[PDB]
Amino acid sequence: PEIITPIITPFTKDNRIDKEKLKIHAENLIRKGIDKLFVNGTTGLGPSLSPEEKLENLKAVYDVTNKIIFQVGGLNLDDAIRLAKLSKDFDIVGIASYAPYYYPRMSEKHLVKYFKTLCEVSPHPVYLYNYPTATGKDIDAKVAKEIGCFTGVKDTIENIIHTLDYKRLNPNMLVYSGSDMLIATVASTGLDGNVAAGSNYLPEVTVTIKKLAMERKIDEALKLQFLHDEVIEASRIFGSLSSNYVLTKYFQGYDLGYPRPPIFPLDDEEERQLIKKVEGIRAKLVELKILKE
């Protein structure tokens, strides 16, 4: 099993992608053991990015690694098709798409045709990004099977039954979970890893949890999983997507700039409160030799 980071898109103060901070971030995450980087995901604010900005993100991260899954989805299919075909000049792991978001009451038939169309033109293997809360619909194990062209799936959903079912009905599919809180459980039950936004700022924690669980030291994996769970919870207090920035700076030294409003940056006072709620944890993570400090 692997840890995959849905990597943050860092922005300037005037709302452009800061390619250099993004290279620093990426450089460090690979250094610290992250298997793959999932670019333009929820944590990178892919829905808020233009097609051109989504390619910018790919190119910057490609200046560091090939271990990329390139998310190209959106509400303009011509634009997604375009990005899928542009990716042929990149030796990367694959491309990905969430389901078309926002519009409720879309037929299964239309959702299938959306994906089968991306499969027909993709130069790389295709990964499904299932996030029902965010997109309003669910490409479950059976629909993924009907589509019949996915190499892997990231299943962001609390129901691990749902996630296991992809493996049960598609035994050759790489099946990853989108939860940071299930890193331990995933490694231990026979699934292929986690796409874990929390690995942006505590990649050490996520890699260690996977290893302890790979090593069948379950009580120890759980103990660390539970500390990371408290960190996830803290980041949700002010909005996980904004907090992901403050927590990378705090835990990993470098600054990622700003999010893109309406994903508003925390203010200095929120930054401080968020720190205060994790500095006890950081202590225990250095006391546990997982963090350098």
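One rule holds for the numbers: they count along the sequence shown, beginning at 1.
Comparing 43-51 with 263-271, the higher mean C-alpha B-factor in the PDB entry belongs to 263-271. The PDB entry gives the largest Cα B-factor of the residues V93, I157, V205, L174 to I157. Sort the chain's modelled residues by C-alpha temperature factor and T185 lands in the lowest third, per the entry. Annotation for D89: CA B-factor lies in the highest third of the chain's modelled residues.
Looking at the C-alpha B-factors along this chain, the one for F70 belongs to the middle third. When the modelled residues of the chain are ordered by their C-alpha B factor, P123 lands in the highest third. Annotation for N57: C-alpha temperature factor in the middle third relative to the rest of the modelled chain, per the entry.
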